[PDB]
>>> print(open('query20.csv').read())   # CSV, C-alpha atoms
chain,number,residue,atom,x,y,z
D,32,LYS,CA,7.8,19.3,12.8
D,33,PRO,CA,10.0,16.3,11.7
D,34,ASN,CA,13.5,16.6,10.2
D,35,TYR,CA,13.7,13.6,7.8
D,36,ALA,CA,17.0,13.6,6.1
D,37,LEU,CA,18.2,11.3,3.3
D,38,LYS,CA,20.4,8.4,4.7
D,39,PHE,CA,20.5,5.7,1.9
D,40,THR,CA,19.5,5.3,-1.8
D,41,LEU,CA,18.8,1.7,-2.8
D,42,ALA,CA,19.4,0.8,-6.5
D,43,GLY,CA,18.6,-2.5,-8.1
D,44,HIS,CA,15.2,-2.6,-9.7
D,45,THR,CA,15.4,-2.4,-13.6
D,46,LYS,CA,12.0,-0.8,-14.1
D,47,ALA,CA,9.6,1.4,-12.1
D,48,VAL,CA,9.2,0.5,-8.4
D,49,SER,CA,5.5,-0.2,-7.5
D,50,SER,CA,5.5,-0.6,-3.7
D,51,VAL,CA,7.7,-0.6,-0.6
D,52,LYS,CA,6.8,-2.1,2.8
D,53,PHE,CA,8.7,-2.5,6.1
D,54,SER,CA,8.4,-5.8,7.8
D,55,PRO,CA,6.4,-5.6,11.0
D,56,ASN,CA,9.5,-6.7,13.0
D,57,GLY,CA,11.4,-3.7,11.7
D,58,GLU,CA,14.3,-5.7,10.2
D,59,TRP,CA,13.5,-5.5,6.4
D,60,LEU,CA,12.1,-3.5,3.5
D,61,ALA,CA,10.4,-5.4,0.7
D,62,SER,CA,10.0,-3.7,-2.7
D,63,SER,CA,8.1,-4.8,-5.8
D,64,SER,CA,8.6,-3.6,-9.4
D,65,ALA,CA,7.4,-3.7,-13.0
D,66,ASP,CA,10.6,-5.7,-13.5
D,67,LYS,CA,8.7,-8.7,-12.1
D,68,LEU,CA,10.9,-8.9,-9.0
D,69,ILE,CA,10.6,-8.5,-5.3
D,70,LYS,CA,13.7,-7.3,-3.5
D,71,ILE,CA,14.5,-7.4,0.2
D,72,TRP,CA,16.7,-4.8,1.8
D,73,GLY,CA,18.0,-4.1,5.4
D,74,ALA,CA,15.6,-1.5,7.0
D,75,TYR,CA,18.4,0.3,9.0
D,76,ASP,CA,21.4,0.2,6.6
D,77,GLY,CA,19.6,-0.1,3.2
D,78,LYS,CA,21.9,-3.1,2.4
D,79,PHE,CA,20.6,-5.4,-0.4
D,80,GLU,CA,19.6,-8.8,0.9
D,81,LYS,CA,18.1,-10.8,-2.0
D,82,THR,CA,15.8,-11.0,-5.0
D,83,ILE,CA,12.5,-13.1,-5.0
D,84,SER,CA,11.6,-14.2,-8.5
D,85,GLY,CA,8.8,-16.1,-10.2
D,86,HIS,CA,6.1,-13.7,-11.4
D,87,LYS,CA,5.8,-13.7,-15.2
D,88,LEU,CA,4.8,-10.0,-15.5
D,89,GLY,CA,5.2,-6.8,-13.5
D,90,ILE,CA,4.2,-6.7,-9.8
D,91,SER,CA,1.9,-3.9,-8.5
D,92,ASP,CA,2.0,-4.6,-4.8
D,93,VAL,CA,3.7,-6.7,-2.1
D,94,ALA,CA,2.7,-7.1,1.6
D,95,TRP,CA,4.1,-8.8,4.7
D,96,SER,CA,2.4,-11.2,7.1
D,97,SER,CA,2.1,-9.9,10.6
D,98,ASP,CA,4.9,-12.2,11.8
D,99,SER,CA,7.3,-11.0,9.0
D,100,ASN,CA,7.7,-14.6,7.8
D,101,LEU,CA,5.7,-14.4,4.5
D,102,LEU,CA,5.1,-12.0,1.6
D,103,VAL,CA,2.1,-11.9,-0.8
D,104,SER,CA,2.5,-10.2,-4.2
D,105,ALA,CA,-0.1,-9.1,-6.8
D,106,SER,CA,1.0,-9.3,-10.5
D,107,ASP,CA,-0.2,-8.4,-14.1
D,108,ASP,CA,0.3,-12.2,-14.7
D,109,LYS,CA,-3.2,-12.5,-12.9
D,110,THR,CA,-1.8,-14.3,-9.9
D,111,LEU,CA,-0.9,-13.6,-6.4
D,112,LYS,CA,2.1,-15.5,-4.9
D,113,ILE,CA,2.7,-16.3,-1.2
D,114,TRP,CA,6.4,-16.4,-0.4
D,115,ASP,CA,8.4,-17.8,2.5
D,116,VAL,CA,10.9,-14.8,2.9
D,117,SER,CA,13.7,-16.8,4.7
D,118,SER,CA,13.8,-19.6,2.0
D,119,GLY,CA,12.6,-17.5,-1.0
D,120,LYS,CA,10.1,-20.4,-1.7
D,121,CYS,CA,6.8,-19.7,-3.5
D,122,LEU,CA,4.5,-21.5,-1.1
D,123,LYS,CA,1.3,-21.0,-3.2
D,124,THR,CA,0.2,-19.3,-6.5
D,125,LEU,CA,-3.3,-17.9,-6.1
D,126,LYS,CA,-5.2,-18.3,-9.4
D,127,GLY,CA,-8.7,-17.1,-10.0
D,128,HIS,CA,-8.7,-13.4,-11.0
D,129,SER,CA,-9.6,-12.9,-14.7
D,130,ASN,CA,-7.4,-9.8,-15.1
D,131,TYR,CA,-4.3,-8.1,-13.6
D,132,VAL,CA,-4.1,-8.3,-9.7
D,133,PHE,CA,-3.4,-4.7,-8.5
D,134,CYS,CA,-3.5,-4.9,-4.6
D,135,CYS,CA,-3.1,-7.3,-1.8
D,136,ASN,CA,-2.9,-7.7,2.0
D,137,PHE,CA,-2.9,-10.4,4.7
D,138,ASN,CA,-5.5,-10.2,7.5
D,139,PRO,CA,-4.1,-9.6,11.1
D,140,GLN,CA,-4.0,-13.4,11.8
D,141,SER,CA,-2.2,-13.7,8.4
D,142,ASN,CA,-4.6,-16.8,7.7
D,143,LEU,CA,-6.4,-14.9,4.9
D,144,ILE,CA,-5.3,-12.8,2.0
D,145,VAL,CA,-7.5,-10.2,0.3
D,146,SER,CA,-6.8,-9.1,-3.3
D,147,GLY,CA,-8.2,-6.6,-5.8
D,148,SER,CA,-8.1,-6.7,-9.6
D,149,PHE,CA,-8.6,-5.0,-12.9
D,150,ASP,CA,-11.4,-7.6,-13.1
D,151,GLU,CA,-13.4,-5.3,-10.7
D,152,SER,CA,-13.6,-8.0,-8.0
D,153,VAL,CA,-12.2,-8.5,-4.5
D,154,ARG,CA,-11.1,-12.1,-3.6
D,155,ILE,CA,-10.5,-13.6,-0.2
D,156,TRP,CA,-8.1,-16.5,-0.1
D,157,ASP,CA,-7.0,-19.2,2.5
D,158,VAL,CA,-3.2,-18.7,3.2
D,159,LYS,CA,-2.5,-22.3,4.1
D,160,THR,CA,-4.4,-24.0,1.2
D,161,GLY,CA,-4.0,-21.2,-1.4
D,162,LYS,CA,-7.7,-21.6,-2.3
D,163,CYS,CA,-10.2,-18.8,-3.0
D,164,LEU,CA,-12.9,-18.7,-0.2
D,165,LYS,CA,-15.0,-15.8,-1.7
D,166,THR,CA,-15.3,-13.6,-4.8
D,167,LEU,CA,-17.0,-10.2,-4.1
D,168,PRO,CA,-18.5,-8.4,-7.2
D,169,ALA,CA,-17.2,-5.3,-5.5
D,170,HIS,CA,-16.8,-2.5,-8.1
D,171,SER,CA,-17.4,-1.4,-11.7
D,172,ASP,CA,-13.8,-0.4,-12.5
D,173,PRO,CA,-10.4,-1.7,-11.3
D,174,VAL,CA,-9.9,-2.1,-7.6
D,175,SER,CA,-6.9,0.1,-6.5
D,176,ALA,CA,-6.5,-1.0,-2.8
D,177,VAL,CA,-7.8,-3.6,-0.3
D,178,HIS,CA,-7.1,-3.6,3.5
D,179,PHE,CA,-8.4,-5.5,6.5
D,180,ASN,CA,-9.4,-3.6,9.7
D,181,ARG,CA,-7.7,-4.2,13.1
D,182,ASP,CA,-9.5,-7.5,13.9
D,183,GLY,CA,-10.0,-8.8,10.3
D,184,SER,CA,-13.8,-8.7,10.4
D,185,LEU,CA,-14.0,-5.9,7.7
D,186,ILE,CA,-12.3,-5.2,4.4
D,187,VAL,CA,-12.1,-1.8,2.8
D,188,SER,CA,-11.7,-1.6,-1.0
D,189,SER,CA,-11.2,1.4,-3.3
D,190,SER,CA,-11.8,1.7,-7.0
D,191,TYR,CA,-11.5,3.9,-10.1
D,192,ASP,CA,-15.3,3.7,-10.1
D,193,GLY,CA,-15.1,6.5,-7.4
D,194,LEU,CA,-16.1,4.4,-4.4
D,195,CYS,CA,-14.7,3.0,-1.2
D,196,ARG,CA,-16.7,0.0,0.1
D,197,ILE,CA,-16.6,-1.8,3.4
D,198,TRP,CA,-17.2,-5.6,3.3
D,199,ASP,CA,-18.1,-8.1,6.0
D,200,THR,CA,-15.2,-10.6,5.7
D,201,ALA,CA,-17.4,-13.6,6.8
D,202,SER,CA,-20.6,-12.9,4.7
D,203,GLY,CA,-19.2,-10.9,1.8
D,204,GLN,CA,-22.0,-8.4,2.4
D,205,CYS,CA,-21.4,-4.8,1.3
D,206,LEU,CA,-21.8,-2.9,4.6
D,207,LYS,CA,-21.0,0.7,3.5
D,208,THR,CA,-20.3,2.8,0.4
D,209,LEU,CA,-18.3,6.0,0.9
D,210,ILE,CA,-18.1,8.9,-1.6
D,211,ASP,CA,-17.9,12.7,-1.2
D,212,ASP,CA,-19.4,15.5,-3.2
D,213,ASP,CA,-17.5,14.6,-6.4
D,214,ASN,CA,-16.7,11.2,-8.0
D,215,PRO,CA,-13.0,11.1,-8.9
D,216,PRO,CA,-11.3,7.7,-9.1
D,217,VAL,CA,-10.2,6.4,-5.7
D,218,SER,CA,-6.5,5.3,-6.0
D,219,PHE,CA,-5.8,4.1,-2.4
D,220,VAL,CA,-7.5,3.3,0.9
D,221,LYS,CA,-6.6,1.8,4.2
D,222,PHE,CA,-7.9,1.6,7.8
D,223,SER,CA,-6.1,3.8,10.4
D,224,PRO,CA,-3.8,1.9,12.8
D,225,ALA,CA,-6.4,1.6,15.6
D,226,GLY,CA,-9.2,1.2,12.9
D,227,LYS,CA,-11.5,4.2,13.8
D,228,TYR,CA,-10.9,5.9,10.4
D,229,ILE,CA,-10.1,5.1,6.7
D,230,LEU,CA,-7.5,7.2,4.8
D,231,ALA,CA,-8.4,7.5,1.0
D,232,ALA,CA,-6.6,9.1,-1.9
D,233,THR,CA,-8.5,10.4,-5.0
D,234,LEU,CA,-7.0,11.4,-8.3
D,235,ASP,CA,-8.0,15.0,-7.7
D,236,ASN,CA,-4.8,15.7,-5.6
D,237,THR,CA,-6.6,14.9,-2.3
D,238,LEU,CA,-6.2,12.6,0.7
D,239,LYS,CA,-9.2,12.3,3.0
D,240,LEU,CA,-9.6,10.9,6.5
D,241,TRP,CA,-13.1,9.4,7.0
D,242,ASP,CA,-15.0,8.2,10.1
D,243,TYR,CA,-16.4,5.2,8.3
D,244,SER,CA,-18.9,4.4,11.1
D,245,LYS,CA,-20.4,8.0,10.8
D,246,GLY,CA,-19.8,8.1,7.0
D,247,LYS,CA,-18.2,11.6,7.3
D,248,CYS,CA,-15.0,13.1,5.9
D,249,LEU,CA,-13.2,14.6,9.0
D,250,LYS,CA,-10.0,15.9,7.4
D,251,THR,CA,-8.5,16.6,4.0
D,252,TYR,CA,-4.8,16.8,3.2
D,253,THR,CA,-3.8,18.8,0.1
D,254,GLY,CA,-0.8,20.5,-1.5
D,255,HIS,CA,0.7,17.5,-3.4
D,256,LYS,CA,0.1,16.3,-6.9
D,257,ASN,CA,-1.9,13.1,-7.6
D,258,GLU,CA,-4.0,12.9,-10.7
D,259,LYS,CA,-2.7,9.7,-12.4
D,260,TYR,CA,-1.0,7.1,-10.3
D,261,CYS,CA,-2.1,4.8,-7.4
D,262,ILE,CA,0.1,6.4,-4.7
D,263,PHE,CA,0.0,4.8,-1.2
D,264,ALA,CA,-0.3,7.0,1.8
D,265,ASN,CA,0.8,6.2,5.4
D,266,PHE,CA,0.1,7.0,9.1
D,267,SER,CA,3.4,7.8,10.7
D,268,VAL,CA,3.1,6.9,14.4
D,269,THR,CA,6.7,6.5,15.8
D,270,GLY,CA,7.3,10.2,16.6
D,271,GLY,CA,4.9,13.0,15.6
D,272,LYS,CA,1.5,11.9,14.2
D,273,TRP,CA,1.9,12.5,10.5
D,274,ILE,CA,0.3,11.6,7.1
D,275,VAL,CA,3.0,10.6,4.5
D,276,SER,CA,2.5,10.3,0.7
D,277,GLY,CA,4.4,10.4,-2.5
D,278,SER,CA,3.5,12.9,-5.2
D,279,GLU,CA,3.7,13.4,-9.0
D,280,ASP,CA,6.0,16.4,-8.5
D,281,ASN,CA,8.7,13.9,-7.4
D,282,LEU,CA,8.5,14.9,-3.6
D,283,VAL,CA,7.4,13.0,-0.4
D,284,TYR,CA,4.9,15.1,1.5
D,285,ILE,CA,4.4,15.0,5.3
D,286,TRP,CA,1.4,16.6,6.9
D,287,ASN,CA,0.4,17.0,10.5
D,288,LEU,CA,-2.5,14.5,11.0
D,289,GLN,CA,-4.5,16.8,13.4
D,290,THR,CA,-3.9,20.3,11.8
D,291,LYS,CA,-3.6,19.2,8.1
D,292,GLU,CA,-0.6,21.5,7.7
D,293,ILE,CA,2.3,20.4,5.5
D,294,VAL,CA,5.3,20.0,7.9
D,295,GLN,CA,8.0,18.7,5.4
D,296,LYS,CA,8.6,17.9,1.7
D,297,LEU,CA,11.5,15.5,0.9
D,298,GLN,CA,13.4,16.3,-2.3
D,299,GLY,CA,15.7,13.9,-4.2
D,300,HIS,CA,13.7,11.5,-6.5
D,301,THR,CA,13.8,12.3,-10.3
D,302,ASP,CA,10.4,10.8,-11.0
D,303,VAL,CA,7.0,10.4,-9.4
D,304,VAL,CA,7.1,9.0,-5.8
D,305,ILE,CA,4.7,6.0,-6.2
D,306,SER,CA,5.1,4.5,-2.7
D,307,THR,CA,6.1,5.4,0.8
D,308,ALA,CA,6.3,3.3,4.0
D,309,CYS,CA,6.9,4.2,7.7
D,310,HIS,CA,9.1,2.0,9.9
D,311,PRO,CA,7.2,0.3,12.7
D,312,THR,CA,9.5,1.5,15.5
D,313,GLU,CA,12.1,4.1,14.3
D,314,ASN,CA,11.4,7.4,12.6
D,315,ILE,CA,12.4,6.1,9.2
D,316,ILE,CA,10.5,6.6,5.8
D,317,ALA,CA,11.1,4.5,2.6
D,318,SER,CA,10.1,6.2,-0.7
D,319,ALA,CA,10.2,4.7,-4.2
D,320,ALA,CA,9.9,6.2,-7.7
D,321,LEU,CA,8.8,5.4,-11.2
D,322,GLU,CA,10.7,4.4,-14.4
D,323,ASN,CA,12.9,7.5,-14.9
D,324,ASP,CA,14.3,7.1,-11.4
D,325,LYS,CA,14.0,3.3,-10.3
D,326,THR,CA,15.4,4.0,-6.8
D,327,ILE,CA,14.2,3.6,-3.2
D,328,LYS,CA,15.3,6.1,-0.6
D,329,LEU,CA,15.6,5.7,3.2
D,330,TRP,CA,15.0,8.9,5.3
D,331,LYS,CA,15.5,9.3,9.0
D,332,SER,CA,14.2,12.0,11.5
D,333,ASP,CA,15.1,13.1,15.0
>>> encode(input="query20.csv", output="structure tokens")
Amino acid sequence: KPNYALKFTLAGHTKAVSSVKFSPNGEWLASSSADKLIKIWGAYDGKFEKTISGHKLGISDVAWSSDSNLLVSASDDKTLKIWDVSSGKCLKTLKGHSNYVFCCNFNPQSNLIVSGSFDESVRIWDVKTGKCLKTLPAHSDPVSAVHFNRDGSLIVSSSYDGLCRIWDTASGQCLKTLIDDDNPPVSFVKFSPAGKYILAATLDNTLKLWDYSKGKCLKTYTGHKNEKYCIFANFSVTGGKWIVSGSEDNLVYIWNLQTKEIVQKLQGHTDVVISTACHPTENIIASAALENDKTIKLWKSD
């Protein structure tokens, strides 16, 4: 079992936090908020670095490029923005979604961005030109998450329509639809770090690990509360092999990936824990909470 202990609390956002992500190089934490801002923090000391501004409405998601040089953000202003983190410059504004942009990610080569929207589409954009390469008529309700697999040849999307879909990046073809024995909204999905599996959250208090090639649910993680919000979940890989998630009872939950047992709950937030992130090299978790709390917490384990 891990022994995550609170090390730092990061105050600065003026509304609900929406996402936290560690830079791949381990140096930084990026946060997005309903306050329309991105903040950068030191990953190891929690020290505030700077604010990246320009969205006109709240931000739902932010993601790093694989070389830690760029961020992409998804906003209710119906845009994504590509940011040079060192300069703070907005390199490109990606316009084309017809409603709120909810989710975003770079591909592994950080030459493409994928986005999902309340407009029920998935878009694929060229990083260097900022132009949209493809629009996928992916879902019949808002798209909650989008993620590329380990070589960028596939995208997984999740939706409030109750589906996860896997797309061919090059053709835009729908290769797979995954759904279990009930049809609750899907609030999050991502590929596993080696890409054998997907991890999906549904708004029935359930995380599931799927073998997407076989189309089978292999594991379920339960015990937390998740019926309303799009709560990210993580694979923790630096020490023990864990699943990490926020929860609507204001806790961070940590499960054993193999056994599905709860191994730790982290107490301290005063509102829903909307987002968690796992440091790429150190046993460090970042957690972030909604409007009644507005803080980020850094936790560290032996």
>>> closest_residue(input="query20.csv", among="D:327, D:315, D:93, D:249", to="residue 75 (chain D)", atoms="all atoms listed in the file")
D:315
>>> closest_residue(input="query20.csv", among="D:326, D:295, D:124, D:332", to="residue 310 (chain D)", atoms="only C-alpha atoms")
D:332
>>> residues_around(input="query20.csv", residues="residue 301 (chain D)", least_positions_apart="2", cutoff="10 Å", atoms="only C-alpha atoms", output="ChimeraX atom specification")
/D:280-282,298-299,303-304,320-326
>>> write_last_selection(input="query20.csv", atoms="C-alpha atoms", output="PDB file, in the coordinates of the input")
ATOM      1  CA  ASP D 280       6.000  16.400  -8.500  1.00  0.00           C
ATOM      2  CA  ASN D 281       8.700  13.900  -7.400  1.00  0.00           C
ATOM      3  CA  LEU D 282       8.500  14.900  -3.600  1.00  0.00           C
ATOM      4  CA  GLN D 298      13.400  16.300  -2.300  1.00  0.00           C
ATOM      5  CA  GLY D 299      15.700  13.900  -4.200  1.00  0.00           C
ATOM      6  CA  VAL D 303       7.000  10.400  -9.400  1.00  0.00           C
ATOM      7  CA  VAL D 304       7.100   9.000  -5.800  1.00  0.00           C
ATOM      8  CA  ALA D 320       9.900   6.200  -7.700  1.00  0.00           C
ATOM      9  CA  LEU D 321       8.800   5.400 -11.200  1.00  0.00           C
ATOM     10  CA  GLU D 322      10.700   4.400 -14.400  1.00  0.00           C
ATOM     11  CA  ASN D 323      12.900   7.500 -14.900  1.00  0.00           C
ATOM     12  CA  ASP D 324      14.300   7.100 -11.400  1.00  0.00           C
ATOM     13  CA  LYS D 325      14.000   3.300 -10.300  1.00  0.00           C
ATOM     14  CA  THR D 326      15.400   4.000  -6.800  1.00  0.00           C
TER      15      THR D 326
END
>>> residues_around(input="query20.csv", residues="residue 103 (chain D)", least_positions_apart="6", cutoff="10 Å", atoms="only C-alpha atoms", output="JSON, numbers by chain")
{"D": [92, 93, 94, 95, 96, 111, 112, 113, 114, 115, 116, 121, 122, 123, 124, 125, 134, 135, 136, 137, 144, 145, 146, 158]}
>>> residues_around(input="query20.csv", residues="residue 117 (chain D)", least_positions_apart="2", cutoff="12 Å", atoms="all atoms listed in the file", output="NGL selection string")
:D and (59 or 71 or 80-83 or 99-102 or 114-115 or 119-122)
>>> atom_distance(input="query20.csv", atom1="CA of residue 308 (chain D)", atom2="CA of residue 267 (chain D)")
8.6 Å
>>> residues_around(input="query20.csv", residues="residue 133 (chain D)", least_positions_apart="3", cutoff="8 Å", atoms="only C-alpha atoms", output="ChimeraX atom specification")
/D:90-92,105-107,146-149,174-176
>>> write_last_selection(input="query20.csv", atoms="C-alpha atoms", output="compact mmCIF listing (two decimals), in the frame of the given file")
# COMPACT_ATOMS: atom_id res chain seq x y z
CA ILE D 90 4.20 -6.70 -9.80
CA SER D 91 1.90 -3.90 -8.50
CA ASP D 92 2.00 -4.60 -4.80
CA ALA D 105 -0.10 -9.10 -6.80
CA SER D 106 1.00 -9.30 -10.50
CA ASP D 107 -0.20 -8.40 -14.10
CA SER D 146 -6.80 -9.10 -3.30
CA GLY D 147 -8.20 -6.60 -5.80
CA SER D 148 -8.10 -6.70 -9.60
CA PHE D 149 -8.60 -5.00 -12.90
CA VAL D 174 -9.90 -2.10 -7.60
CA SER D 175 -6.90 0.10 -6.50
CA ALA D 176 -6.50 -1.00 -2.80
>>> closest_residue(input="query20.csv", among="D:224, D:138, D:268, D:276", to="residue 237 (chain D)", atoms="all atoms listed in the file")
D:276
>>> closest_residue(input="query20.csv", among="D:186, D:194, D:47, D:69", to="residue 213 (chain D)", atoms="all atoms listed in the file")
D:194
>>> atom_distance(input="query20.csv", atom1="CA of residue 139 (chain D)", atom2="CA of residue 183 (chain D)")
6.0 Å
>>> atom_distance(input="query20.csv", atom1="CA of residue 184 (chain D)", atom2="CA of residue 244 (chain D)")
14.1 Å
